[PDB]
Amino acid sequence: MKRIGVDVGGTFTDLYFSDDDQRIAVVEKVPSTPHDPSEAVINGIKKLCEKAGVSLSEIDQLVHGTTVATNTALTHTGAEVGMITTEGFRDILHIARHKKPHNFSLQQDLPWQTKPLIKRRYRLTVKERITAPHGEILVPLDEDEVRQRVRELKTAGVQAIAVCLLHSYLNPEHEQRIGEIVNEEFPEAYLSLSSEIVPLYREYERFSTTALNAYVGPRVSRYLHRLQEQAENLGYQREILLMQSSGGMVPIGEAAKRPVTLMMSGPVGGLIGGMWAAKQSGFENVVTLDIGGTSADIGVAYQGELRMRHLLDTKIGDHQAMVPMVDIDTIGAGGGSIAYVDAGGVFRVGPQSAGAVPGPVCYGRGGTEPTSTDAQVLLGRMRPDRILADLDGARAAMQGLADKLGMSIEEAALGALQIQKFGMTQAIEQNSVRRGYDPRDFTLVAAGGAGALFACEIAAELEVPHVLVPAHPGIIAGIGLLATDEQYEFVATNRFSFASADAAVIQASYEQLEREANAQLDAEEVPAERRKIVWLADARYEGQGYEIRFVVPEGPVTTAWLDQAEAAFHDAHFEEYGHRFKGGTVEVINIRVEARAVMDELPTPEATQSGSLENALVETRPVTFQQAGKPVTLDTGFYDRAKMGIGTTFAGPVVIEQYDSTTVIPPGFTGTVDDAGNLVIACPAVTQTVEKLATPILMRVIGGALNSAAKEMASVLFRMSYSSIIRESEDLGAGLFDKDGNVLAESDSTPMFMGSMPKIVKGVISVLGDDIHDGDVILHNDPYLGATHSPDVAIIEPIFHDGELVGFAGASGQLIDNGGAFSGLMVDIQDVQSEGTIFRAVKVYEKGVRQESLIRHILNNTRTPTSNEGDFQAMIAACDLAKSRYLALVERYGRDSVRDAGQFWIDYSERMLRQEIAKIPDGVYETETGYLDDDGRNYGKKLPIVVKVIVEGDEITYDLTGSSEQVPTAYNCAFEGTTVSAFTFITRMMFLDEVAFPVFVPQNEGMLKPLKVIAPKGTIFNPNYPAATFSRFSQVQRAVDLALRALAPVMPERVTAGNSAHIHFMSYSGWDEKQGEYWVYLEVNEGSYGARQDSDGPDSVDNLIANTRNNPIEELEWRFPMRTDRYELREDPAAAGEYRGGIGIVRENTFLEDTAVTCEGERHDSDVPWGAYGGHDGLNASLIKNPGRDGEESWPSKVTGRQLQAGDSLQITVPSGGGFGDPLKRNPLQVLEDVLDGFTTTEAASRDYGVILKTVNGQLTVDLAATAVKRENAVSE
Amino acid sequence: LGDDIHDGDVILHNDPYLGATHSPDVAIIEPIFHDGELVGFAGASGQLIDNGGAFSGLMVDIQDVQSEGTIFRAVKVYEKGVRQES
Ligand SMILES: O=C1CCNC(=O)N1
Ligand SMILES: [Ca+2]
Ligand SMILES: [Ca+2]
């Protein structure tokens, strides 16, 4: 009946108050206090109630939109957290998924390791185990140990404790018992059980959710309690509600128990508020757009409902989570984006941010670079007398951008805005075109900041005729608080497939969730005559690894209910990707119940006013628009919109100046003001005049579109794939090519497909020739015609327009099995024919007609036919999608324009790489001969690797003379595709780093040109046919690491010390009798990372050429017959230095059935990881069957098909890296942390580093008196 | 195949779990048609020198059937008499 909503953004505080019978809406804002968030809400309420003259005791409900929990996790300003976890897994929050954020960087630090929420000194272990799938107790709980660990945590001074055991979502009795011990021994400690925060599987994501919860728990619990107790003293007798990131109210008590759901809340309110203003006029389909000061938030609401984001995309800053969130696209192109031409002569805006501190110099603030917002001033969209209420400070400041491009005086500003428009529009079209949305039906809605500026421009590109702006864009966040309804989410993990399902267990699971939902609603005193309950489910095809959420019908679960739910899955899949699989089984993973309580809908406030243009017309200043490309200045008036009434539909180019927003209407079109205060502008979609564009803009538009096509085809292929190597390792490549085969656009998904796609398409062109027709689909994997290695299979489709070949679209990924000599992986084999099936430009669809017999023959020759068929379908779908997006610009601009735009980016890439190679002094750079362990067929004999690097001019050559001859195993590297690809990748890493280098250079044909690799025929790096090249990874890893050691004397700042430069690529496989199928698990064990000159080396992460993700343990134990019994950091210290070398992991996998094991190992009995500038050397790996038990065997690095029976375990120990610099110059304040964490021992701290740590007052501290003495007498010895 | 038998068809087969001796022996079957009516089959089979398996020629120490080489499962060589070049 009487409701208020308060939202706190970070500078301003917005308050909205509405009434049903009185029909009064009050708008009020109040300045916010950043140091104390409580003193901004209370004061706000005090200002709201006094103006209207109402009492707080009459409010039915109030909603709060704070963001304190976000700023605590982002700035890492929370509490000391302890962890009681299963013993042997003490390092899970350290490992993460072992994937770096960036694929092509060497100077990047992992945020979860560098600033961890639970430090390693406070992570403790308890001996017990609970096993899937039923939840039996394998190891009994010891009662003395748990109490001792709790008391240790209490003595240290731990404020919050996060209990995180494996499989606690299955049965939580161990965590419950631990909690009941904790509360009685440590009453004043925040406690979080992982089972009660998110009872779902995936242990890293669940423990990270729990650890974030426990990290921000003590802070926001205090803030919420203070807010509730202070509001009650004012007179508020009810309970306060809190807005979550999924859309929904939740009371204070439950909000203090799950703070993790409050983080990143407030962009969601904008989308819901936009839906509210859109449904007044009558449009159900909405596209909301908010351009703020730094970023742009985009939200697409089809028919008027929210869209939940993908699991992989759910992350708070850098840490993952499993909290439900609304899919909102954040784009860097906002108010703070700098416009510049780089050294390669290319126009780009962003992603470097200017900030609000410098500001535009025309307003009189002080700046030194051209900004996105300063471009709006030049054209006249923003008045130069708005904030205040030099003039040429903007025109003359862009001289360093205008004349340097060949632009006109006034057209420079237009370019900077059009580039942002297109960047946002292809972001939208990525998530609009494949979804199957007709843009004419939709409506664009603006928001606060600068949202209405790009409204008609973007709608023209999308072809959207309706543009709507709400009555007050500056409060849409507050209004969207009140539009949503109080709902509770209760979830469970309940894995079933529709093939073998029971309509009684499912009903009981949903009834359990319903029981707890009704019990939650009983405590809030809500009548039973208004409780609406909706059921949902997360499902996926069998073989995939991520789910889609969709609404299932109302209960009870009957026989027809199953059919309706299975149909709803296909409807929700088709709507997200745009493809329909021809087979496969659907399985539900998680179930959800939302118990909504619709109390009353928010009515539109109908108020009427009177006015005209003549009331507030102040003056007329010149304003510049785009007239068919040319800049023509024209007259423009200014007046406030708070003076006109309803039906004041007037024409003329005018600029509306509201207190919070701006609305500028294009000339020649009128804007209708409806009764509700909204405006509907008749924006043009199809017009009769062709406009002009400058040279810098046209290249970026087509290039960005080809780029977006590459990344869109990548995401479709990898999200829909059945293969785990394509899905988790991201071992794929995709992009668009021209007639000659030169790549124009590439997905950049993995370093393993660097420059290898052009070789694939050129290899196809050279074997087919003119035998290229329309509707053709081509398979290719030949490693002597450009492929990386046999298991990666590529699909190419010709592109035709009016019977003329214009290009190609291509996608490639690694299958699980290709029908080779061993399941999965292989080392000890004869030649290339032993590797499996080779495809040599085999065409899949002749003239568009599917050759059923050819598809069937291919699918009969693999051990995993269901997975392989799924991967073929996903690759064909991504190529179809890219062909569509290419023909779109062929029709839009022209065939010659598309060919020319593709040629421009090749020479941009080449120019940028050559400028960097030319700066290194010319010469010949050498190093020590590296060694590899035996080939595999004959143990003992080492294999040398010599890398010499020659630099002459703007060209670089890698000479591998002196490397070994061909070995008769698969332990060789393909020259074009692997050797050239790896040295192209290390060149890009060395000179074009993602972190240090300012701009991101796309992967085209121009990167492949400025380097050459000379490797004599008949070596391991350039073998003669028919040598097998299946196992290629470790050789090129060591080769590029030796290339780093060779160039270390001249380039220290862009290299690293001795990396592990290895892989332990494992294949565990067996035959499942019940399913009648092979089960294959392919594991990529991460290595470690040698130190750098400026920062230490991250432990436990995929190194150099690899950037894979691990499979979660709980998913593995549900899917395969195994049990990971240990996964942590190795015990011995790794390597000393000024910056420490990285530590490897020791993973102990035990097995429950007879399994076969193949390993691609390296660095067991051979050369140690090196160090630099006097840094120590790392350690070699090992492979031991049954550590500390009966049957220990010291396995070599590379094995092929060794058997394990049952109860056997493999202890895989991976190498540790080397250090960089002399250990005697390390910081004294850091070795203290290293000893307590367990990185290095106390006895070996005086020798290598030379720091004396003495125990004083119980605690260990660094003494600055005896440290300087020891450093003197440590050089001579 | 069943009723998926047309004139001018040529069929390749070597599956040892569907009647073959062992993988290296590959068979060719051709349907015989008279007045649009199936009347019989003609068939020939022999051992190739190499079938693209794990080792050249012969093999003993290998994993399973998929490591023996290529499996043909009633593959049509000539659909309706026209040669499938690809
Ligand atoms: O997953 C991976 C890592 C090693 N090599 C490869 O081809 N894929
Ligand atoms: Ca691969
Ligand atoms: Ca024979």
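Every chain is numbered from 1, with letters handed out A, B, ... down the list of sequences.
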**Student:** Any carboxylate oxygen within less than 4.0 angstrom of a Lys/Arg side-chain nitrogen, looking at A:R719 and A:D313?
**Tutor:** yes
**Student:** Kindly state each residue pair satisfying salt bridge (charged side-chain N to carboxylate O under 4.0 Å, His left out) with at least one member in residues 1007-1021 of chain A, sequence neighbours excluded.
**Tutor:** A:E910-A:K1009
**Student:** Side chains of A:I1145 and A:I95, heavy atoms from C-beta outward: is any pair under 4.5 Å?
**Tutor:** yes
**Student:** Which residues pass the ring-ring contact (aromatic ring centres under 6.0 Å, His included) test with A:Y784, sequence neighbours left out?
**Tutor:** A:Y1025
**Student:** Distance from A:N1180 atom CG to A:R1163 atom CZ, nearest 0.5 Å?
**Tutor:** 7.0 Å
**Student:** Would you compute the distance between atom CE of A:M990 and atom CD1 of A:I917 and round it to the nearest 0.5 angstrom?
**Tutor:** 8.5 Å
**Student:** According to salt bridge (charged side-chain N to carboxylate O under 4.0 Å, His left out), who are the partners of A:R727, at least two apart in sequence or on a separate chain?
**Tutor:** none
**Student:** Taking the side chain from A:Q1035 and the backbone from A:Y971, do they hold a donor-acceptor pair closer than 3.5 Å?
**Tutor:** yes
**Student:** Less than 3.5 Å apart, which donor and acceptor atoms pair up between the side chains of residues 709-717 of chain A and the rest of the protein, not counting sequence neighbours?
**Tutor:**
unit_1 : atom_1 : unit_2 : atom_2 : d
A:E712 : OE1    : A:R885 : NE     : 3.4
A:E712 : OE1    : A:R885 : NH2    : 3.2
A:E712 : OE2    : A:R434 : NH1    : 3.3
A:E712 : OE2    : A:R885 : NH2    : 2.6

**Student:** Are side-chain heavy atoms of A:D782 and A:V767 found at a separation under 4.5 Å?
**Tutor:** no
**Student:** Could you walk me through whether A:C1159 and A:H1064 pass the side-chain contact (heavy atoms from CB on, under 4.5 Å) test, one step at a time?
**Tutor:** CA-CA 6 Å; A:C1159 176; A:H1064 268 96; 3.5 Å; yes
**Student:** Side-chain contact, heavy-atom cut-off 4.5 Å: A:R1147 with A:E1083?
**Tutor:** yes
**Student:** Measure the CG-CD1 distance between A:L1044 and A:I986 for me, rounded to the nearest 0.5 Å.
**Tutor:** 4.5 Å
**Student:** Could you check whether any side-chain heavy atom of A:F872 comes within less than 4.5 Å of a side-chain heavy atom of A:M875, counting everything from C-beta outward?
**Tutor:** yes
**Student:** For a side chain to side chain contact (heavy atoms under 4.5 Å, CB included) with A:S729, tell me which candidate from A:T1108, A:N1107, A:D1102 qualifies.
**Tutor:** A:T1108
**Student:** Could you tell me the separation between the OG atom of A:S1034 and the NZ atom of A:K1198, rounded to the nearest 0.5 Å?
**Tutor:** 6.0 Å
**Student:** Minimum heavy-atom separation for A:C879 and A:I795, please, with both atom names.
**Tutor:** SG-O, 3.5 Å
**Student:** Could you list all the salt bridge (charged side-chain N to carboxylate O under 4.0 Å, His left out) pairs where at least one residue sits in residues 862-881 of chain A, not counting sequence neighbours?
**Tutor:** A:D817-A:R863, A:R863-B:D64
**Student:** Taking C-beta and beyond as the side chain, do A:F983 and A:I956 meet within less than 4.5 Å on heavy atoms?
**Tutor:** no
**Student:** Do A:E835 and A:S790 get their side chains close enough for a donor-acceptor pair, meaning under 3.5 Å?
**Tutor:** yes
**Student:** Please name all residues satisfying side-chain hydrogen bond (donor to acceptor under 3.5 Å, both in side chains) with A:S749, sequence neighbours left out, ordered by chain then number.
**Tutor:** none
**Student:** Please name all residues satisfying side-chain hydrogen bond (donor to acceptor under 3.5 Å, both in side chains) with A:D959, sequence neighbours left out, ordered by chain then number.
**Tutor:** A:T961
**Student:** Taking ring-ring contact (aromatic ring centres under 6.0 Å, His included) as the definition, give me every residue that meets it alongside A:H102, ordered by chain and number, with sequence neighbours left out.
**Tutor:** none
**Student:** Taking ring-ring contact (aromatic ring centres under 6.0 Å, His included) as the test, write out the residues that go with A:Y1078, two or more places apart.
**Tutor:** A:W1071
**Student:** Closest heavy-atom contact between A:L744 and A:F737?
**Tutor:** CD2-C, 3.5 Å
**Student:** Show the nearest heavy-atom pair for residues A:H1164 and A:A1181, with the distance to one decimal.
**Tutor:** CD2-CB, 3.3 Å
**Student:** Mind checking side-chain hydrogen bond (donor to acceptor under 3.5 Å, both in side chains) for A:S723 and listing every partner two or more places apart, or none if nothing turns up?
**Tutor:** none
**Student:** What's the spacing between A:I1143 CD1 and A:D1099 CG if we round to 0.5 Å?
**Tutor:** 4.5 Å
**Student:** For residues A:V743 and A:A745, report the shortest heavy-atom separation together with the two atoms involved.
**Tutor:** CG1-O, 3.3 Å
**Student:** Parallel, tilted or perpendicular: which describes the rings of A:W1079 and A:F1120, with under 30° parallel and over 60° perpendicular?
**Tutor:** tilted
**Student:** Would you please say whether a donor-acceptor pair under 3.5 Å links the side chains of A:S909 and A:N1004?
**Tutor:** yes
**Student:** Carefully, step by step, assess A:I858 and A:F839 under the rule side-chain contact (heavy atoms from CB on, under 4.5 Å).
**Tutor:** CA-CA 10 Å; A:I858 304 316; A:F839 312 99; 3.8 Å; yes
**Student:** Please name all residues satisfying salt bridge (charged side-chain N to carboxylate O under 4.0 Å, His left out) with A:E1160, sequence neighbours left out, ordered by chain then number.
**Tutor:** none
**Student:** Heavy atoms, side chains only, cut-off 4.5 Å: are A:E730 and A:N103 in contact?
**Tutor:** no
**Student:** For A:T862 and A:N868, test the side chains for any donor-to-acceptor distance below 3.5 angstrom and give the result as yes or no.
**Tutor:** yes
**Student:** If you draw a 6.0 Å radius around CZ in A:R840, do more than 12 non-hydrogen atoms from other residues or ligands fall strictly inside?
**Tutor:** no
**Student:** Please lay out, stage by stage, how A:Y1127 and A:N1110 fare under the test side-chain hydrogen bond (donor to acceptor under 3.5 Å, both in side chains).
**Tutor:** CA-CA 12 Å; A:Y1127 188 48; A:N1110 54 21; 3.1 Å; yes
**Student:** Salt-bridged, A:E1086 to A:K99, with N to O below 4.0 Å?
**Tutor:** no
**Student:** Going by the salt bridge (charged side-chain N to carboxylate O under 4.0 Å, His left out) test, which pairs reach into residues 978-997 of chain A, not counting sequence neighbours?
**Tutor:** A:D748-A:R988
**Student:** Could you go step by step and tell me if A:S724 and A:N1111 meet the side-chain contact (heavy atoms from CB on, under 4.5 Å) rule?
**Tutor:** CA-CA 9 Å; A:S724 182; A:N1111 304 24; 3.6 Å; yes
**Student:** How many angstroms lie between CG in A:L815 and CG in A:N781, if you round to the nearest 0.5 Å?
**Tutor:** 8.5 Å
**Student:** Would A:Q966 and A:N972 count as a side-chain hydrogen bond (donor to acceptor under 3.5 Å, both in side chains) here? Give the steps.
**Tutor:** CA-CA 7 Å; A:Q966 292 175 223; A:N972 291 301; over 6 Å; no
**Student:** Which atom names give the shortest non-hydrogen contact between A:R1038 and A:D1167, and what distance separates them?
**Tutor:** NH2-OD2, 3.3 Å
**Student:** Could you walk me through whether A:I1212 and A:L1183 satisfy the side-chain contact (heavy atoms from CB on, under 4.5 Å) test, starting with their C-alpha distance in whole Å, then the side-chain angles of each, then the deciding distance to 0.1 Å, before giving a yes or no?
**Tutor:** CA-CA 5 Å; A:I1212 286 102; A:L1183 184 58; 3.5 Å; yes
